[PDB]
């Protein structure tokens, strides 16, 4: 029917079967680029705002404040515009002019912090702003807010169930906040009762989930897979529902995203390439031959125009 604002238009994203990956069509992708603001983080922008409203922490006149380097800022920006909230986002001054223009265009009050301080500096400044009038400001905290995996339990997971008629056997998802793999997994395992294999994907350059689960020193490192590999275990990653962790390198992520574009006609982001590369490895193991593998593509590639992708 007719959505009351664009926040309600999230999800119902398509599944497409891959032709040049997997073995006999065993790899299927969920195109979260096919969403408002071009990414999966429209679902959490919407639901974190919605839950804050229901719980009375976000009310008429209060202002959203958060620190955002990626897609959640774009998501919160469109949700705040659609629902009529002022919003201030902090981010380092190093951010691209194009991102700043997009955010400015969405009506955000942009507070640029010192370049040297990176994300710690922006998170600091956001917290500082909230401290300055905690009755005025609400910080939604995507790495810890349960409304993040909750929306994936209510929407993303049930969409995979329904569109595969319950035949999904494996879910492959890169982990940034962990919300996607957590909610999807809880839906399918707990609410639909199917003992699928849930596969976290992280960069080989920063394999903190693998290291954690091995009892090894956690050694984060730099990499180019935007949106994943935060270098710590976020509160919104439920390690209990993770069955396997696959590591992917940045070069192969990129190369895989390029192949999705050139060979499948799917315009997805670098982290989409990382997820597909991990899924293709599993898909070519005889143990996964008769299994339906659903892979989350978090974002679209026209958002990666000025990046190593293109």
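Rigid core here is just the name for the largest C-alpha set that superposes within 1.5 Å across the two forms. Positions refer to the first chain, counted from 1.
**Student:** State which stretch is farther from the displayed form on average in 4 other deposited structures of this protein, 134-142 or 183-191, counting RMS CA distance after fitting on the rigid core.
**Tutor:** Checking 134-142 against 183-191 in 4 other deposited structures of this protein, I find the farther stretch is 134-142.
**Student:** After fitting on the rigid core, which stretch moves more in 4 other deposited structures of this protein, 270-278 or 55-63, going by C-alpha RMS?
**Tutor:** When 270-278 and 55-63 are compared in 4 other deposited structures of this protein, the bigger C-alpha shift is seen for 55-63.
**Student:** With respect to the recorded C-alpha B factors, which stretch has the higher mean value, 81-89 or 195-203?
**Tutor:** The stretch with the larger mean CA B-factor is 81-89.
**Student:** Would you mind comparing 217-225 and 111-119 for me and telling me which has the higher average C-alpha temperature factor in the entry?
**Tutor:** Stretch with the greater average CA B-factor: 111-119.
**Student:** Which has the highest CA B-factor per the PDB entry: 47, 68, 247, 272?
**Tutor:** Answer for 47, 68, 247, 272: 68, with the highest C-alpha B-factor.
**Student:** Report the option among 142, 135, 210, 240 whose CA atom has the maximum B-factor in the deposited record.
**Tutor:** If I rank 142, 135, 210, 240 by C-alpha B-factor, first place goes to 135.
**Student:** Could you look up the Cα B-factor of residue 300 in the entry and say which third of the chain it sits in: lowest, middle or highest?
**Tutor:** It falls in the middle third of the chain.
**Student:** When the modelled residues of the chain are sorted by Cα temperature factor, does residue 235 land in the lowest, middle or highest third?
**Tutor:** CA B-factor rank for residue 235: middle third.
**Student:** When the deposited Cα B-factors of this chain's modelled residues are ordered and cut into thirds, is residue 188 in the lowest, the middle or the highest one?
**Tutor:** Ranked within chain, residue 188 CA B lands in the lowest tercile.
**Student:** What third of its chain's C-alpha B-factors does residue 101 belong to: lowest, middle or highest?
**Tutor:** CA B-factor rank for residue 101: highest third.
**Student:** Looking at the C-alpha B-factor of residue 163, is it in the lowest, middle or highest third of its chain?
**Tutor:** As the PDB entry reports it, the C-alpha B-factor of residue 163 lands in the middle third of its chain.
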